[PDB]
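This document opens with one chain alone, in C-alpha cells, the form deposited in one PDB entry.
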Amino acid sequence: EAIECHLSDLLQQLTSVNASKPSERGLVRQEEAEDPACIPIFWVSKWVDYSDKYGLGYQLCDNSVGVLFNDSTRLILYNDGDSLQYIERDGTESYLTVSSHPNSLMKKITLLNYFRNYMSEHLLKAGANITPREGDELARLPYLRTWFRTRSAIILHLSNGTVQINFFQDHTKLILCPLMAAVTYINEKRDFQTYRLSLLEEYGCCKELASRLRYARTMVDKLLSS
C-alpha cells in the first residue's frame, strides 16, 4: 500500500543522512536544520505491553487511545470518548460508536477500556511539553500498524507513515516522518527539536542524534523486511 511506500521513503531518507556521516564535519551546524513547522501531528504518548494475553494499548498525544491486539486488529477510541474505529488485519476500516458498537466487539471494547483506565492513571505523557502540528478539522486518526521491542528500544509504526523509537535506558525518543522528511528528537532532559533530514545531511548533527539515527535506520529496515 502507501504504507509500504512510506517505509521505503523513510529508509532511503535515513540511508542518505547516515551516508553523509553528519557528525563528522569541519563545523557541525545542527541548529541550521531546525524546522519547528515540521513538528508531528501525532505521536505515541503512553503505551502498555499486555501482549502476553491481548496486545498493546497506547495513547496518542491528542489523548485518543488505541489497541493493537495480538490478532493484528486495531480498535481506536477518539478523544471525544464515543467515536470508534475498528481496523481488521488487512487494513479494512469500520467507523463505529461506543453507543452503537456491534456486539461482536464486546470483549475488545472492554479491553480498550481496561487500557484506557490504566494509562490515564499510571504513566507520564511523552512530549507533554510539545504542541502538536495541525491537520484538518474532522480528520481520521491513524492506527498502530505494528510495533516491536528490542533491548535498546520500543519501535512504533503508525499507519500515517510515522515511526517512533523510544529508547529504554535514557528515555530519549525519535519521531520520524517520511512525509515531512523530518525527525523530532526528545533529549534526556525532555527538551525537544524537529529537524529536516535533508538539512541534517547538509549541516550535520551531534554524536547522540547521529547515533540514534543510525539505529533508526536499522529499525526501519527491520520493519520493511518483515
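In this text, rigid core is short for the largest set of C-alphas that superpose within 1.5 Å between two forms. Start at 1 and count along the sequence shown; that's the residue number. Only residues modelled in both forms are compared.
Trainee: Do at least a third of the other entries of this protein fail to model residue 71?
Mentor: In all of the other entries, residue 71 has coordinates.
Trainee: Where the other entries model residues on both sides, is residue 135 skipped in at least a third?
Mentor: Result for residue 135: often missing, at least a third of the compared entries.
Trainee: Of the two stretches 147 to 155 and 108 to 116, which shows the higher Cα B-factor on average in the entry?
Mentor: Going by the record's values, the stretch with the higher mean is 108 to 116.
Trainee: Quick check on the record: does 1 to 9 or 216 to 224 carry the larger mean Cα temperature factor?
Mentor: Comparing 216 to 224 with 1 to 9, the higher mean C-alpha B-factor belongs to 1 to 9.
Trainee: Looking at 173, 29, 53, 46, which has the biggest Cα B factor in the entry?
Mentor: Spelled out: the listed residue with the top C-alpha B-factor is 53.
Trainee: For residue 141, does the deposited CA B-factor place it in the lowest, middle or highest third of the chain?
Mentor: Within its chain, residue 141 is a middle-third residue by C-alpha B-factor, going by the deposited values.
Trainee: Just say lowest, middle or highest third for the CA B-factor of residue 206 relative to the other modelled residues in its chain.
Mentor: Middle third of the chain for residue 206's C-alpha B-factor.
Trainee: Quick check on the deposited entry: does the C-alpha B-factor of residue 133 sit in the lowest, middle or highest third of its chain?
Mentor: Middle third, going by the recorded CA B-factors of the chain.
Trainee: Lowest, middle or highest third: where is residue 194 by Cα B-factor in its chain?
Mentor: It belongs to the lowest third of the chain when residues are ordered by C-alpha B-factor.
Trainee: Can you work out whether the C-alpha temperature factor of residue 40 puts it in the lowest, middle or highest third of the chain?
Mentor: It belongs to the lowest third of the chain when residues are ordered by C-alpha B-factor.
The form deposited in another entry exists for this protein as well; it is not shown, and the discussion that follows is about that form.
Trainee: With the two forms aligned on their rigid core, point out which item of 100, 110, 131, 104 shifts its C-alpha by 2 Å or more between the shown form and the other one.
Mentor: So the residue whose C-alpha moves 2 Å or more is 131.
Trainee: Quick one: in that other deposited form, is the Cα gap between residue 133 and residue 17 smaller or bigger than here? Answer closer or farther; it shifts by 3 Å or more.
Mentor: Relative to the shown form, the pair is farther apart.
Trainee: What happens to the Cα distance from residue 35 to residue 138 in that other deposited form: does it get closer or farther than here, with a change of 3 angstroms or more?
Mentor: Nearer in that other deposited form, by 3 Å or more.
Trainee: Give the residue ranges, in sequence order, where three or more consecutive C-alphas each shift by 2 Å or more between the shown form and the other one after rigid core alignment.
Mentor: Only one moving run appears between the shown form and the other one, namely 129 to 139.
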